[PDB]
> 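I have a structure I would like to understand better, so I am pasting it below and will then ask my questions one at a time.
Computed over heavy atoms, backbone and side chain alike; hydrogens, waters and symmetry mates excluded. All chains are named by letter (A, B, ...) in the order of the sequence lines, taking the proteins before the strands, and each is independently numbered beginning at 1.
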Amino acid sequence: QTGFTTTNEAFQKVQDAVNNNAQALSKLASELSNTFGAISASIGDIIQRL
Amino acid sequence: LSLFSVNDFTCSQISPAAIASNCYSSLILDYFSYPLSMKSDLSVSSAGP
C-alpha cells in the first residue's frame, strides 16, 4: 500500500504499456498528418497553389 | 507582359497560370539584355558559356 511507484517494477511495466500505445498512435498518425515531408499540407496545392 | 512583347514564355517547376495567379512569400526578379540569337546557353539542363 505505501509504495506503488519506483519500488514496484511491475507498475513501471504497466506505465510502459500505456506509454507504448499512446506513442505508437501519435507517431504513426498525428506526426504523419500535417507535415508528412519537411513541409506538407496533407495534399498538394490545397488552396493557394494551382 | 503588356509593356514588352514576349519572344518566348517558359516556366519551370511552376505552372504559367500559377505564376500569374499564386501567393508567394517573396518575389525575386532579374532584368538584363539577352540576344535572340543565343537562347540555348541560358538553360538549367544545358551548360553553355
Side-chain angles (χ1 to χ4, degrees):
Chain A
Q1 321 288 316
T2 61
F4 231 116
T5 340
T6 168
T7 147
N8 298 1
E9 291 80 21
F11 158 79
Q12 307 291 149
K13 309 174 193 305
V14 337
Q15 190 78 225
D16 294 348
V18 172
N19 188 28
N20 290 349
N21 63 61
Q23 182 262 349
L25 190 55
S26 59
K27 186 245 302 181
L28 263 313
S30 178
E31 190 62 43
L32 261 308
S33 182
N34 304 343
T35 170
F36 141 81
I39 295 290
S40 292
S42 94
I43 218 54
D45 307 1
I46 53 161
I47 299 195
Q48 302 98 190
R49 310 176 296 271
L50 285 178
Chain B
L1 262 268
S2 75
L3 301 160
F4 322 101
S5 307
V6 279
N7 302 121
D8 306 290
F9 188 81
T10 51
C11 288
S12 67
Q13 297 178 4
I14 192 64
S15 171
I19 208 70
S21 51
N22 257 20
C23 286
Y24 302 115
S25 80
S26 178
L27 235 67
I28 322 285
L29 53 145
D30 305 309
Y31 73 97
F32 51 89
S33 267
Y34 198 52
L36 230 190
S37 57
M38 331 178 68
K39 289 307 189 192
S40 63
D41 293 355
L42 228 292
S43 303
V44 276
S45 59
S46 85

> What are the two closest non-hydrogen atoms of A:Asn8 and A:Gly3, and how far apart are they?
OD1-O, 3.3 Å
> Donor-acceptor pair, distance only, cut-off 3.5 Å: does the side chain of B:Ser21 make one with the backbone of B:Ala17?
yes
> Which atoms form the tightest heavy-atom contact between A:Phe11 and A:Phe4, and what is the distance?
CG-O, 3.2 Å
> Please determine whether the number of non-hydrogen atoms from other residues, nucleotides or ligands lying under 6.0 Å from atom OH of B:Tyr34 exceeds 12.
yes
> Quick check on the hydrophobic clustering: are B:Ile14 and B:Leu29 connected, directly or via other members, by side-chain heavy-atom contacts under 4.5 Å?
no
> Donor-acceptor pair, A:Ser26 side chain versus A:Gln23 backbone, under 3.5 Å?
yes
> Using atom types as modelled and distance alone, determine if a side-chain donor or acceptor of A:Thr35 lies under 3.5 Å from a backbone N or O of A:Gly37.
yes
> Going by heavy atoms in the side chains, are B:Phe9 and B:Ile19 under 4.5 Å from each other?
yes
> Keeping B:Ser40 on the side-chain end and B:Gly48 on the backbone end, is there a donor-acceptor pair under 3.5 Å?
no
> So does A:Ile39 have more than 12 non-hydrogen atoms from other groups sitting under 6.0 Å from CD1?
no
> Can you see which heavy atom on A:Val18 is nearest to which on A:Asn21, and at what distance?
O-OD1, 3.0 Å
> Quick check against the 3.5 Å criterion: does A:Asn34 have a side-chain atom that pairs as donor or acceptor with the backbone of A:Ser30?
no
> About how many Å separate CG of A:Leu50 and SG of B:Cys23, when rounded to the nearest 0.5 Å?
9.5 Å
> Just how far is it from atom CG of A:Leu28 to atom OG of A:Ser33, taken to the nearest 0.5 Å?
12.5 Å
> Looking at A:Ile43, I want to see if its CD1 is surrounded by more than 12 non-hydrogen atoms of other residues, nucleotides or ligands under 6.0 Å.
no
> Can you give me the closest heavy-atom contact between B:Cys11 and B:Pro16, atom names plus distance?
SG-CA, 4.1 Å
> Do any pairs count as a salt bridge (charged side-chain N to carboxylate O under 4.0 Å, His left out) and have a residue in residues 13-31 of chain A, sequence neighbours left out, and if so which ones?
none
> Could you check if a side-chain atom of B:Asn22 sits within less than 4.5 angstrom of a side-chain atom of A:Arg49, using non-hydrogen atoms only?
yes
> Side-chain heavy atoms nearer than 4.5 Å, only ILVMFWY residues, links allowed to pass through others: does that put B:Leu27 and B:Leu1 together?
yes
